[PDB]
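This report refers to the structure that appears directly beneath it.
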8 protein chains.
Amino acid sequence: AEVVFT
Amino acid sequence: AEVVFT
Amino acid sequence: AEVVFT
Amino acid sequence: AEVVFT
Amino acid sequence: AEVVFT
Amino acid sequence: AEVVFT
Amino acid sequence: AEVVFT
Amino acid sequence: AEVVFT
């Protein structure tokens with residue numbers, strides 16, 4: 001699982 | 001920007 | 001921004 | 001910026 | 001910013 | 001598990 | 001899994 | 001799975 005908030 | 005890989 | 005998962 | 005790898 | 005996981 | 005807040 | 005950003 | 005954006 002990968003979460004990237006930018 | 002939101003990326004969610006599950 | 002928000003993510004919730006299960 | 002938030003990165004969460006699980 | 002916040003993450004909670006289990 | 002990797003959390004990176006920047 | 002990998003993320004790169006700028 | 002992959003995403004690239006600019």
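Chain identifiers are assigned as A, B, and so on, following the order in which chains appear in the structure tokens; residues are numbered from 1 within each chain, and ligands are numbered from 1 in order of appearance.
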field: Surrounding residues of residue 2 in chain A excluding itself and chain neighbours under 4 positions, 12 Å, only C-alpha atoms, as a list in words
entry: residues 2, 3, 4, 5 and 6 of chain B; 3 and 5 of chain C; 2, 3, 4, 5 and 6 of chain D; 1, 2, 3 and 4 of chain F; 1, 2 and 3 of chain G; 1, 2 and 3 of chain H
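Taking chain B and asking which residues DSSP calls strand (DSSP E or B) on the backbone, you get residues 2, 3, 4 and 5 of chain B.
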